[PDB]
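final_26.pdb (PDB, C-alpha atoms)
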```
ATOM      1  CA  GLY A   1     -66.553 -12.682 -56.956
ATOM      2  CA  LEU A   2     -67.119 -11.877 -53.287
ATOM      3  CA  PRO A   3     -65.892  -8.352 -52.393
ATOM      4  CA  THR A   4     -65.387  -9.464 -48.798
ATOM      5  CA  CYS A   5     -61.806  -8.223 -48.969
ATOM      6  CA  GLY A   6     -62.528  -4.657 -47.942
ATOM      7  CA  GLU A   7     -59.932  -3.340 -50.349
ATOM      8  CA  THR A   8     -59.966  -1.196 -53.459
ATOM      9  CA  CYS A   9     -57.355  -1.886 -56.116
ATOM     10  CA  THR A  10     -57.632   1.506 -57.785
ATOM     11  CA  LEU A  11     -53.982   1.097 -58.766
ATOM     12  CA  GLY A  12     -54.558  -2.515 -59.795
ATOM     13  CA  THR A  13     -53.171  -4.421 -56.826
ATOM     14  CA  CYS A  14     -54.723  -6.114 -53.798
ATOM     15  CA  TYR A  15     -52.569  -6.721 -50.736
ATOM     16  CA  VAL A  16     -55.311  -8.747 -49.042
ATOM     17  CA  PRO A  17     -54.337 -12.453 -49.091
ATOM     18  CA  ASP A  18     -55.803 -14.386 -52.044
ATOM     19  CA  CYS A  19     -57.896 -11.358 -53.004
ATOM     20  CA  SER A  20     -58.202 -10.742 -56.720
ATOM     21  CA  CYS A  21     -58.379  -7.247 -58.166
ATOM     22  CA  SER A  22     -61.905  -6.727 -59.428
ATOM     23  CA  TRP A  23     -61.189  -3.060 -60.157
ATOM     24  CA  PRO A  24     -61.907  -0.822 -58.568
ATOM     25  CA  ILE A  25     -62.738  -3.218 -55.709
ATOM     26  CA  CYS A  26     -60.918  -6.383 -54.668
ATOM     27  CA  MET A  27     -62.989  -9.576 -54.697
ATOM     28  CA  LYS A  28     -62.327 -13.176 -53.739
ATOM     29  CA  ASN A  29     -64.099 -15.475 -56.205
TER      30      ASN A  29
END
```
Structure re-expressed in structure tokens:
Amino acid sequence: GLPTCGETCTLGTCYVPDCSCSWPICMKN
């Protein structure tokens, strides 16, 4: 739930370790 990944999975993929795609932004828990 925390978008502290600093990544946007516009395509639907987050390269940031353990970061879940919370389209369009990646969030960890």
Long-range neighbours of residue A:1 as a PyMOL selection string, 9 Å cut-off, all atoms listed in the file, 2 positions minimum in chain: chain A and resi 3-4+20+22+26-29
Selection result for the PyMOL selection byres ((chain A and resi 7) around 9) on this file, as number ranges by chain: A: 3-6, 8-9, 14-16, 19, 21, 24-27
Keeping only C-alpha atoms, write the selected residues as an mmCIF file, in the frame of the given file.
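To be explicit, this is the file written out as again.cif:
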```cif
data_model
loop_
_atom_site.group_PDB
_atom_site.id
_atom_site.type_symbol
_atom_site.label_atom_id
_atom_site.label_comp_id
_atom_site.auth_asym_id
_atom_site.auth_seq_id
_atom_site.Cartn_x
_atom_site.Cartn_y
_atom_site.Cartn_z
ATOM 1 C CA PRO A 3 -65.892 -8.352 -52.393
ATOM 2 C CA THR A 4 -65.387 -9.464 -48.798
ATOM 3 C CA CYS A 5 -61.806 -8.223 -48.969
ATOM 4 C CA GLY A 6 -62.528 -4.657 -47.942
ATOM 5 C CA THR A 8 -59.966 -1.196 -53.459
ATOM 6 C CA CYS A 9 -57.355 -1.886 -56.116
ATOM 7 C CA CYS A 14 -54.723 -6.114 -53.798
ATOM 8 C CA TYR A 15 -52.569 -6.721 -50.736
ATOM 9 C CA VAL A 16 -55.311 -8.747 -49.042
ATOM 10 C CA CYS A 19 -57.896 -11.358 -53.004
ATOM 11 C CA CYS A 21 -58.379 -7.247 -58.166
ATOM 12 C CA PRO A 24 -61.907 -0.822 -58.568
ATOM 13 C CA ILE A 25 -62.738 -3.218 -55.709
ATOM 14 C CA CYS A 26 -60.918 -6.383 -54.668
ATOM 15 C CA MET A 27 -62.989 -9.576 -54.697
#
```
Give me the box for stretch 11-18 of chain A as AutoDock Vina command-line options, namely the centre and edge lengths in Å to one decimal of a box along x, y and z that holds every listed atom plus 6 Å on each side.
```
--center_x -54.2 --center_y -6.6 --center_z -54.4 --size_x 15.2 --size_y 27.5 --size_z 22.8
```
